[PDB]
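FYI, the numbering for the first sequence is 282 to 529, 546 to 1246, going by the entry's author numbering.
Read through the structure below, which is laid out as structure tokens, and then see the notes.
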Amino acid sequence: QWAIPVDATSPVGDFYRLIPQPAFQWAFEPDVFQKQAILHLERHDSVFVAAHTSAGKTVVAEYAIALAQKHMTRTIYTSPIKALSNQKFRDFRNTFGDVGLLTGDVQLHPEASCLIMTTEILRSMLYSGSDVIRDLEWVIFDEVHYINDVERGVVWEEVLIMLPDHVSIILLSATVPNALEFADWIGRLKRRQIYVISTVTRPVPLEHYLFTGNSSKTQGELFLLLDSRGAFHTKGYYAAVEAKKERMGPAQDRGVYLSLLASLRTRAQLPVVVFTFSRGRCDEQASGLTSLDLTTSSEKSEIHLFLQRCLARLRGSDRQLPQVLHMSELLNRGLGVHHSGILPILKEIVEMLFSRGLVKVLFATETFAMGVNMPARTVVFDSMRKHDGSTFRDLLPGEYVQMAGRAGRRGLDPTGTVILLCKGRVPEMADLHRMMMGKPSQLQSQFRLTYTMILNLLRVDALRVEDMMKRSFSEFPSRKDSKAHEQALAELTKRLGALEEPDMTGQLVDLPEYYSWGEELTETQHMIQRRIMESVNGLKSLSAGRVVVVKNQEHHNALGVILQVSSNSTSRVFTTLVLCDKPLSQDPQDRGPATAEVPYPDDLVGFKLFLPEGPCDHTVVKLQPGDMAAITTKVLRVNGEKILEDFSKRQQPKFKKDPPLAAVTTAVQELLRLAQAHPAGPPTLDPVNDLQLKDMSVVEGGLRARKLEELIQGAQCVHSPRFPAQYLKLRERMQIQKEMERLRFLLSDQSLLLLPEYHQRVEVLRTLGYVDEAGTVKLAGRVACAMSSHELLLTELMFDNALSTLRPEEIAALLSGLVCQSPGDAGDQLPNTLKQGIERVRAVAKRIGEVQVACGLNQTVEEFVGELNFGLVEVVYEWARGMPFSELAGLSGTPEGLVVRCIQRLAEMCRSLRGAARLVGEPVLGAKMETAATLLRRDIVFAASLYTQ
RNA sequence: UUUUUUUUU
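Pasting the structure below:
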């Protein structure tokens, strides 16, 4: 089975009869699904929790560590966000003993038994041994719905395969629908059974209101469009639209926010989290608001004392700059901002002052929605559309669920209200329906090949790269029933030894090739037949007065004339009068499966016109497009309406004995004479030479058919006495051979979709000097292995003598072009040396893109070289001399958070280069970069975290 | 006009 879907609610009745000494004891009672998850964690199973609220999963995520600390063993807790894995660090150090943390720069206590890591580091310490993996029991994958990401979903699937069998896995999730085809994949990729627990109905449910502006001075009206019972209320939506109708940027929005906070302050719904969707819009209304003073005296005193004790670590001028003062003023009134263009010390101050209720309004953004939990009372949105990938799209359902989920608090309020704040135009409830309710999202797999995996797998001998592709989740549906495919192959290989070898010497010489001619020609006509009904020109021909040949299990190439064409052009049902033999029977028991009709030449040229052996009766059948063998050229102007008013009238069981109508008799006699008048079927309405079409495929098909008919009309096998038996036996073996071939291909190695891209990348890799022939890593490959990003470009640049001959205060500016991810530009007040190094680096990028595009890869040289985005070179060059921050702030118009982030991101390459400069043997760039690194990190750019020390 | 991660030796 490999995946056990344990029932969420039914099984557990006795949680304390067994397990009477829980490894951890809370201050309240764990509910049913957490009881079941702990019940399965007791027996050393591997649960897959899928819950809503972040505080329901960490009861398991710390009971597993209480068990880990009880046994002296070790556990690795992995979270994707670098800032989310610090408050967890604080809570695990406060709750019990030693918990080490490892991130891009922090290495706090790398010897504990709760190392907290980002998965991109565990993927880096799986390629080597690292001697920690010998001691694990549990690996708590925290947020496992980042597989659906496009730029990091490959890490979780590179990790989940290489993990050995003895290491148990815990997968916390966010209630995705398709949990049973993923836990089954992990269950049968390893050989352990996996239990799935999924919950709904988070406590303290939430009412989704809608606030539309009116009488912005005091009046606030809230319309209910969703309730505690899931019932959609359209009445509120309608009320909103009329409310917008009677009335029919910053000065109005200020009154909108003062009306919202005026109707909110009258009640106790104070701790309100506004979600804005752009940092300029986020700080604009916070600047323009400018008078609330929502804070009393004692909380003002506590805020002031706390804020100076926390800020007084850093030096003097560094605590007096515009943002710090402005933010302190806002906090003094009780207002905060939490966007991504602010210093991390202020994101941290706002979050640590929001978890104790000393701030009342937060103009947060999605980073607060993901990186922390800290539940608040009332969440208010600000818009419906965001700008993700330059398409300025509408917000999709999965996100909304999370922010709405952090609306209710736990036992400090009855429920939680989520207020949407549509202001510009009507809410357009139609898309609100599928966004605000809807199955959250499936679980995809964004697997792709990078150079790092290829190098770190060629480096090792016992692992092959196609192994990783076969074990990949994007191959799971294909490779699901692999044991059944191989068993079918192995049990039909036995069957192959069975059939006798026939003798074709003489009259049977061309029997196999003839066989081939029979199938393909037939297939061709069907393709041509498809090219007949799919055409718009057939759609003009398809009308009353059309005779067709009908071919299905009931009618065997019986000639019919269509009475009418259905008005519904989707399901083409044709009421058509077709001649058939008068039924000389009423009992289905004499009818049985008969001999498989061998194709004779008389059967393979056109359609053998059936001549009824009995009297010429009629039927009127409701025909499909696929049941008609041919569209005949004849135009019989018969009037369908009277024939319908006669057949449908007569088809009363009581009216089966009506006298025939003249139109029916005339149609039957004319059809019968036409049946006699063509020896094997009249010519069809030619697709090209009669319908005036120009598709090449139909012309090749028609000429191939003509050549095959001429060839088939001379076969010698048709005259042999034992033609049918040997022939049918050959048919059976040929089908078995074809299905075996397809079966082996599906089990073969060419099935992998990305294999040609693997070959092309390997070839381009070997064209540079990184891998010898027959796939053995060379020295440049081993250099490019241990690199963070852009390994190829960095190692090629390092090996060449471009950078070697520059100043240490200039190499930082040269490397600043790889990291900024910001709108870029050139400079004016720059030395000459930087100004020629930029063309050299860009020329190297052009060379790399030209060797990339000259191998088979599809990435144009311009799109590859456009990743090089200089424009922080001057700022980093001035910063890495001793120049203080204020001049940097003045210099140019970019928010000082996206600059400080770039500076640590640069200090992590002038530290990931210590590993390659010490391995190639070039100790003078190492001795310049180990200076250029210690001269760049001195102050609030690299200020230590608050809840770290 | 979003967010975003890549230890040690």
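The beta carbon of each residue, even a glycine, is placed where N, CA and C say it ideally should be.
- Item | Close-in-space but distant-in-sequence residues of the same chain around residue 818 (CB under 8 Å, 5 per side omitted) | 901, 1001, 1002, 1005, 1006, 1009
- Whole-angstrom distance between residue 1145 and residue 1090, CA atom to CA atom: 8 Å
- Enclosing beta strand (DSSP E) for residue 476 [first to last residue]: 475 to 479
- Neighbourhood of residue 1158 by C-beta distance below 7 Å, restricted to the same chain and skipping five residues each side: 1143, 1146, 1147, 1150
- Query: Excluding five sequence neighbours on each side, which residues of the same chain lie with their C-beta closer than 6 Å to the C-beta of residue 716?
  - Reply: 490, 492, 677
- Give a yes or no on whether the C-beta atoms belonging to residue 929 and residue 806 are separated by under 8 Å. no
- Task: Starting from residue 1095, trace the alpha helix (DSSP H) both ways and give me its first and last residue.
- Result: 1088 to 1096
- So, residue 438 versus residue 428, is the Cβ gap smaller than 8 Å? yes
- Message: I'd like the span of the beta strand (DSSP E) that includes residue 853, first residue to last.
- Response: 853 to 862
- Item | Per-residue DSSP class, three states only, for residue 1084 | coil
- Query: If you compare alpha carbons, which of 1211, 559, 390 is closest to residue 1084?
  - Reply: 1211
- Continuous beta strand (DSSP E) stretch holding residue 419: start and end: 417 to 422
- Query: Grouping DSSP H, G and I as helix and E and B as strand, with all else coil, what is residue 1014?
  - Reply: helix
- For the 8 Å Cβ check, are there 3 or more pairs between the segment 678 to 694 and the segment 707 to 714? no
- Pick from 356, 589, 953 that is closest to residue 562, judged by C-alpha positions: 589
- Cβ neighbours of residue 737 in the same chain (closer than 8 Å, five flanking residues each side left out): 455, 456, 457, 458, 694, 695, 698
- Task: Identify the continuous alpha helix (DSSP H) that holds residue 598 and give its terminal residues.
- Result: 594 to 608
- Query: Within the chosen definition, does the segment 731 to 746 reach the segment 766 to 775 through at least 3 CB pairs nearer than 8 Å?
  - Reply: yes
- Quick one, which of 987, 283, 1156, 316 has its alpha-carbon nearest residue 298's? 316
- Buried or exposed by the 16-neighbour rule on C-beta atoms within 10 Å, applied to residue 936: exposed
- Task: Could you give the DSSP three-state label for residue 494: helix, strand or coil?
- Result: coil
- Query: By how many angstroms is the C-alpha of residue 441 removed from the C-alpha of residue 780?
  - Reply: 22 Å
- Item | Beta-carbon contacts of residue 560 that lie in its chain and below 7 Å, excluding the five residues immediately before and after | 501
- Return the first residue and the last residue of the beta strand (DSSP E) that residue 931 is part of. 925 to 932
- Message: So, does the segment 1161 to 1170 touch the segment 1097 to 1117, judging by three or more C-beta pairs under 8 Å?
- Response: yes
- Message: Quick check: residue 300 and residue 356, are their CB atoms within less than 8 Å of each other?
- Response: no
- Between 565, 575, 585, 522, which lies nearest to residue 555 when the distance is taken from Cα to Cα? 585
- Would you call residue 548 buried or exposed, if buried means 16 or more other Cβ atoms sit within 10 Å of its Cβ? exposed
- Since residue 585 is in the beta strand (DSSP E), which residue starts that stretch and which ends it? Element bounds for residue 585: not the beta strand (DSSP E) but the alpha helix (DSSP H), 576 to 586.
- Thinking C-alpha only, which one of 1032, 477, 513, 839 is nearest residue 731? 513
- Mind checking which residues open and close the alpha helix (DSSP H) that includes residue 623? 619 to 630
- Query: Does the Cβ of residue 924 have 16 or more other Cβ atoms within 10 Å, making it buried, or fewer, making it exposed?
  - Reply: buried
- Cβ neighbours of residue 1051 in the same chain (closer than 7 Å, five flanking residues each side left out): 746, 766
- Query: Beta carbon of residue 862, beta carbon of residue 915: below 8 Å?
  - Reply: no
- Item | Alpha carbon of residue 312 to alpha carbon of residue 1230, nearest angstrom | 52 Å
- Message: By DSSP's criteria, residue 635 is part of a beta bridge. Which residues make up the other side?
- Response: 661
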